[PDB]
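Given next are the chains, with one letter for each unit.
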Amino acid sequence: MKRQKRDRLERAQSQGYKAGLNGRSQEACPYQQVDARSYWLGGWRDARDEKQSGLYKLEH
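Residues numbered from 1 in each chain as written, not as in the entry; some residues may be left out. Heavy atoms only, no water.

Right, let's talk about the packing of helix α1 (residues 4-21) against helix α2 (residues 34-53) for a bit. At a minimum axis distance of 7 Å, the contact between α1 and α2 shows a crossing angle of 25 degrees. Compared by their axis directions, α1 and α2 come out roughly parallel. Considering the relative orientation of α1 and α2, their crossing is right-handed. Along the contact surface, α1 presents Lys 5, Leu 9, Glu 10, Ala 12, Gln 13, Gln 15, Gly 16, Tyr 17, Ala 19, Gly 20 and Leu 21, while α2 presents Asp 35, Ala 36, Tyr 39, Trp 40, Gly 43, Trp 44, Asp 46, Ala 47, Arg 48, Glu 50 and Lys 51. Looking at side-chain class alone, the contact of α1 with α2 contains 10 nonpolar, five polar and seven charged residues. (Axes fitted to C-alpha atoms, helices over the stretch in contact; angles between N-to-C directions. Helix = DSSP H or I, 4+ residues; strand = E, 2+ residues; numbered from the N terminus. Parallel < 35°, antiparallel > 145°, perpendicular 65-115°, else oblique. Left-handed = near helix turned anticlockwise from the far one by under 90°. Contact = heavy atoms within 4.5 Å. Nonpolar A, V, L, I, M, F, W, Y, C, P; charged D, E, K, R; others polar.)

Right, let's talk about α2 for a bit. The first and last C-alpha atoms of α2 sit 27 Å apart over 20 residues, in line with the 28 Å expected at 1.5 Å per residue. For α2, the principal kink sits at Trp 40 and spans about 30 degrees. Along α2, the residues classified as buried are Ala 36, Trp 40, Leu 41, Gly 42, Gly 43, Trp 44 and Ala 47. Looking at the buried side of α2, the elements it contacts are α1. (Expected span 1.5 Å × (residues − 1). Bend = angle between axes of the 7 residues up to and from the residue. Buried < 20%, exposed > 50% of the residue type's maximum accessible area, 1.4 Å probe, protein only.)

Tracing the backbone shows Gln 26 in the loop between α1 and α2. Taking relative accessible area as the criterion, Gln 26 reaches 37% and is therefore assigned partly exposed. When the C-alpha atoms of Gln 26 and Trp 44 are compared, they prove to be 7.7 Å apart, with 18 residues separating the residues in sequence.

Turning next to α1. For α1, spanning 18 residues, the distance from its first C-alpha to its last is 27 Å, which sits close to the expected 26 Å at 1.5 Å a residue. Along α1, the largest kink reaches about 25 degrees and is centred on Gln 13. What α1 keeps buried is the set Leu 9, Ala 12, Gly 16, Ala 19 and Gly 20. Here the buried face of α1 lies against α2.

Here's what the structure looks like:
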């Protein structure tokens with residue numbers, strides 16, 4: 001174990017996505033802070049807004 005910079009974020013990338021559907025909030029981001037923002041929170045926002053775009057009821 002040496003290249004563990006990417007490791008916890010590589011999986012945070014997937015975890016964040018799931019956290020969008022299952023985790024509800026960003027409160028459940030138990031990996032890195034800043035680097036997890038760009039990884040974990042990236043998938044988090046994506047997952048939500050993807051299922052969010054499906055609810056195109058209003059134009060607003």
